[PDB]
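Taken one at a time, structure 1 and structure 2 that follow are two forms of one protein chain, written as structure tokens.
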Structure 1
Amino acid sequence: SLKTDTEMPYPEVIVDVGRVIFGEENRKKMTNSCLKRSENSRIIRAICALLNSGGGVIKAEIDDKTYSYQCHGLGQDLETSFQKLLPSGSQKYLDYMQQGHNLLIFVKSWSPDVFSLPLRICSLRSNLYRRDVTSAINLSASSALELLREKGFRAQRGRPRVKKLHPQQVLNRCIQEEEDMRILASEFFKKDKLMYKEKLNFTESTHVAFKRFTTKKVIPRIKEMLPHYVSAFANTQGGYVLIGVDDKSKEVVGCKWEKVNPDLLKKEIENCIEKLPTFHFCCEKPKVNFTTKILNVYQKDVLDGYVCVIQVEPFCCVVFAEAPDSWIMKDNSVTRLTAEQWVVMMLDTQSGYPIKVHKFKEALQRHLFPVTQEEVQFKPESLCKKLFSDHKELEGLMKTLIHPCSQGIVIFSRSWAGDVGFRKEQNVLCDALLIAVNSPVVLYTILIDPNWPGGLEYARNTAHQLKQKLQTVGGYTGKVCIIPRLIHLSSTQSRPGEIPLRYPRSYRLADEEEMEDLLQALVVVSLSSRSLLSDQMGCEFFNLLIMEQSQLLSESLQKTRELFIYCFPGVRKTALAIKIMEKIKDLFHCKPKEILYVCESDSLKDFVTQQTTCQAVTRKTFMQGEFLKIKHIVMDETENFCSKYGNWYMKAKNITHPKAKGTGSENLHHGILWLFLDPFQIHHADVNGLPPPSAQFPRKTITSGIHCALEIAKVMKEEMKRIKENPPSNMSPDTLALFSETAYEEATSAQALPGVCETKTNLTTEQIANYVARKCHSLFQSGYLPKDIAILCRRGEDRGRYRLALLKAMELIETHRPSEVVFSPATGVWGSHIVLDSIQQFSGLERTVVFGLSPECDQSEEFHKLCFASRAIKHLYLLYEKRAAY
């Protein structure tokens, strides 16, 4: 929930930085430089925190009543800070607007695209130092990322032993190089005493730094200056810090013995180095390997001072001089990141990522949300019809609000808050999302009772969560503003608030490409969640997946003639078979009636002839007819076939691959004979008529066809594992050896979409009917159609009682509209009514929502759940009756 803010209530995280001087002239004439730096730091830290936490607004109070942003500007130091924070351009992330006595900085979230640097977060200073010749350089964010990746790569592989000290070698004199400085510094370090004003024969280098003591508080100044050099040396190659050496004259100076105590100085140096932040990519976690030594300075055997030399060894990993200058938002406060958190965020590579959704979002957007100059479109279709029939005035009111927009899309929802995974409000009738070119995105929240006090907060929160989901889940990397607007139906004429929310001009959708990008992000967001729009776009998404998978499978039409295709539960092989026949006709240039489809059930037969131009018959018709004109045969639900009516396999083999007795004919034809098999649903195991599993070659196992919900897929996976644990004696274990849970789980994570699957038990008939009627009413309120719901009973003798109870419950809930409730059998797929039939009659058919009603069958039958889940795409509701024992 966003923090309450009644004046300028933006649907963003708002950071109040207090009273700030603004304007180029006003900033320049500031006399208190400390206050100037304080104001600059507050604003820049807030910007960095907002850049790292999804964007937001910075609100600053303007002290000058005569200040005008048009005539005065921002300020040179503020702009310099912005350019330091955003070297790629602050225009892409910052916008400025003056609202009366406030100045607002609109911060867009830091989200790089593919064609840019792979920086995950923003930093002022990384505070990782690297030694470049004779300078300790505070690395930029990109430089720090390079260093982190190099250290991680080096430490991923181990370095045991490391006996590469190699005693010592011979030095060289005729040639001077940087290694000579390190050798000379090491010779200096092994000394124990120095003569006063002793000349040093070496200068600073990559491994040598020269420092001098101060004529003021000495230990605190060393504590400020040391971390930079220690970090720089440890990070690059190691080196020496020579405190007490004059840079220019190269003479030993040292600190006077009265002004410092060498033991205390040693302890302070050790303390400051020990507390330096560190990150390790290795497991041993070595500490910073350093050794400090005090060298007494003597003037004619008289103690005069000390020279402190610190040896810093190369570090295996990164060393921080302090915590990085990077900020995030935590509990509505700008919080500094620690070194450990900063490295973790900087090296993140997560940006659970759906490959297929982002691959097909463009096609889904071009199909479902086309950006055209063809008047404003109201989506989704079914929900809009229900809302407009429920309220006559709603449609005209929306057109009045939308005007004067000519091109755009308005996407309705029963609850947009619930659509994005947050709380549904009962007092909210619906939410409409207007998306148009050269317009801000507007979220209209229609209320039932205008006197409800939570409308403003609900709309603001919903707009905020939608934008956050679009940026994070949807991957939207643009400037978009969602304006929450509270609307009621009580007055046909509705007018906005006296303080309309305003955003910079850059926060509108500039063109059609930006509108298309936002709509593609919305496709991703909706597919990631649970709603009616998710279910409908999920059906379209599954169609695209079926098309690509069917293309891959048809590539085997030129490699095989006879093929046994083993399919896991829930792969949707009927759709695969339909597209395969399409490819057969295309490739073999045959007549559509030359391809034959053989299935076991008649409802599936009716469905297939309705969806294909090829000849489809049941196995009974296949055995009772003549098919001399058939060249190719595709078989489905072959596991339910029977040998009682003859050898269907021999007949199919003879048709597709006819042998010649006595040859004579030179036009022998070999045809396609593909059998789609599902070993996991082989029930009532009599003589199947199939050849033995040893002779079922060549074979193909289909693993990546699961087109159901994640919850439904997990139920089927659990059932498959349990079945494999205790396989029935009537099915061959060798066919079950081809199914692996790991491959099945990988396919589920690749394809399946979030859905609904719940179970309720110990319910009487009236309770089960009541649950189904209430849930169906709830689904119809959200925009679901009756053709999306199927109620399936385990046994066919329960149909009559269940139908009677369902009519009673549904008419009881429909006390306003006395319309007769129509149920249709499994053959009514083209119908727009709720399908009510048995699980065996619905074989090969699937619906978005399935209610499964069964008696108590604990350990009596272990197949019923698998069959129920195979007919459901998004919603599965398992209901179990009460065991009537008396």
Structure 2
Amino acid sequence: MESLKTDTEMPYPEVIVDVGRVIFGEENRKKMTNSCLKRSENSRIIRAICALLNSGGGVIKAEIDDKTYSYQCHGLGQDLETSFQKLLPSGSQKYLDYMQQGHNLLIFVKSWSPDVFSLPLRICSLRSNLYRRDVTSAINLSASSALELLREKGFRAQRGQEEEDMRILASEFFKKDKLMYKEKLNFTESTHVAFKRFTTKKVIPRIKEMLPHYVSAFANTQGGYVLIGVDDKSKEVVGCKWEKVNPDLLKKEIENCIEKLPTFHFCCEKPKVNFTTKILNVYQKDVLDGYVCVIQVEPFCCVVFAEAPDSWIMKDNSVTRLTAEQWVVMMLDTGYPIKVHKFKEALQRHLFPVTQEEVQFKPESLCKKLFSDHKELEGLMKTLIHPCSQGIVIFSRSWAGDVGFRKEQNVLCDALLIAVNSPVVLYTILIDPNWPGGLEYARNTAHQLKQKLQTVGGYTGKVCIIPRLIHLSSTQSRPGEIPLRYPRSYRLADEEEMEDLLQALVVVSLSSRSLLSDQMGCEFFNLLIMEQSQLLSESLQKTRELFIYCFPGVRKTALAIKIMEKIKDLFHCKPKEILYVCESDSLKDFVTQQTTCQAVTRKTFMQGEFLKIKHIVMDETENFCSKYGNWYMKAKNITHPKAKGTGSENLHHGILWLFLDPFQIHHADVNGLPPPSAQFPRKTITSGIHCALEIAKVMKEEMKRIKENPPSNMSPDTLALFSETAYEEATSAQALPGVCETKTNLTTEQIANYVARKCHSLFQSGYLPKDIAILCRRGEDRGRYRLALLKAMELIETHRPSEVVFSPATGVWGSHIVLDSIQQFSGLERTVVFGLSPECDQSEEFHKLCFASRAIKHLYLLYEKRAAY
């Protein structure tokens, strides 16, 4: 199966299992003469249901034999119901919904999501086929008891009396060499002896049919003796006729049966199941009559199966039985960030609120682009949605691409309608209605989206995504008829169900690469920064001077802003009494807009005099230069004032927090800081990493390269505090899927064309120009790159709606693309970063870190060709 299988009559998104012709109805089921057909049909239906439960859900199609059968009047069938109850002890309503359309009965099977309150039963099984022996009975363990036994045996392996009277009597019987006719047994059945239903006219068939059960029961429990040749009622040694079957054939059949038994091993030794078969002779008046067989099974280290556990899955459009190995692996279960599942409720409440207002079109950016490019989309969608007042329509250029699958050019956009008391509907808009593959695209996209919701999102409920195909060129909406019918239980019923589906959509979007993924990632990062700021603020009451060491990608500035707010709250000071000192002007304007507290650059700080400043927070401390003056003593004097006699009854100490990034030092001169031995007390922050996995991986590779061959300016002691293990833990905890690409050996025109094409593609998907940052290492190439980019974007944008405007790094907050040097972009970040740098050898490759620290989710490093002289 590449995508799905074609079914014109019932083009459902889900997988369809055809169980052939079945007889349905209580009266018809009872009056069936053929019991074999009854059992076969029941088995087919139950196997299909189990496979659909373990394979994500689906539809079962059955051709109804009687042409006068109505589900409302007749019913389903009693035996099928007993089977359903056996398979689903919790309840069959939560998973199975029935429907009669035409002459076909459709059973809708929900995916087996283990109930949070219930035991974590990963998969559903009819019978474990793991037998454990209670007193005088061998019980086919249920799924829950099977999990009990598996977990107990696993713990035992990983770690490293009248019952005994029955065992002793059975052992004494075993040791005996010969027996007498009508000799009376002095013991009955127990946990360690079983002899009932074992004597027949033909012993071989009964042994083959029944021995596996008792052998599994004895091996799983402790000990056991199986006796063949003892009459059930009278407990005498009747024996088996010698002429009927010789002892050697019976012994070989027994060893064959025990060898065919499936087994699963928790331990390393992996012993086979061991058993001793001893054949006893019975003599009436010293003439041979027959023989009695005793089988002894010792306790077995792990679980032994009577046969393959009859649990089914779906594999290659077919219902497939699960082997013991597969069953135990799937049952014992022997990684998207947890923070997503912690914050999905707040994210849904912020971005996708369930309100009684009119229908909302999201996301705003893509909606604006689509509606400006196509004027009829607003009207067409408003007409199609009607009648619906409450709901959200989530637009995407390609939902299939949004869930990780192929993107189709012929699909203009996809709309996902979520509403209360309505099914989820996926609208696919086509540029040309004559495109043959629209229906397949819609069906596959709906199937993939539902599967992603259930698997990644964690949705545990009945949801139907109905593929509806629409065209802009059509003057009249809803052409033809839509025959897709689902039970009323599959539409969302309350606002809580809508909230749950939207939270699952939040998780799915945050686990993928898309425009919506990027926007919700920004909101997620805001929440994470709030949590980190709250955690770090606890040091305000315990320290006054602190040296904060930050890994690459920590986002020091947001933490600094929120820490400044926390200082204002805690110390009850006026906002203008807190000073933020940075090195770059651009960061100064950024912070000036983001915070009400005072923000100055180092030159202003040294030139000016700050009498009213009570607390100082310094960022970009690595790049500070001491040529103008020694700023550290100034900050110390403003923060730590020496006592002047008795004038100050209670001298105060302020906050002198310095944020340092040892890795990104671009000033070879001395910083003016105290030596690394005097940089105490210190804190290392690793949990601020807010970027893509790809960008974090690039930054870690550069970190390792720097640590292996440290440069002159950096020192071993500062490099020692940063470990790769902590960086992996933080990245796995806090990073989101993204894009990082590298291109080499390109001319200026090729770089310009690549940037123009990528920007056009991103804009078509709903990215705004404020998310694009084009950064060049060498500042003298700004004009050349600007001319090349103007030419490229003019060529690409043939329609040319508005002029292309690039803004300097000062205008980060504005709505324009940023084209400036890396030095001018220090401390500032944007979602998409284009790094235009000349050809770099191994020595100069360290600037990948500088480029990556500026990118949040996209990073396109482009390298120019070597100049020819």
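By convention here, residues take numbers in order along the sequence of structure 1, the first being 1. Under this definition, the rigid core comprises the largest set of C-alpha atoms superposing within 1.5 Å between the forms.
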query: Structure that is the form deposited with the RNA bound (1 or 2); finding: 1
query: Option from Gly662, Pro692, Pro453, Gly100 moving between the two structures, CA shift at or above 2 Å, rigid core reference; finding: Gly662
query: Threshold 2 Å Cα movement between the two structures at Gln426, rigid core reference; finding: no
query: Rigid core superposed: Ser249 CA moves 2 Å or more between the two structures; finding: no
query: Cα displacement of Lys211 between the two structures reaching 2 Å, rigid core superposed; finding: yes
query: After superposing on the core, C-alpha shift for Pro818 between the two structures in angstrom; finding: 4.9
query: Value in Å for the CA shift of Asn730 between the two structures, taken after the core is superposed; finding: 2.0
query: Value in Å for the CA shift of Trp830 between the two structures, taken after the core is superposed; finding: 1.7
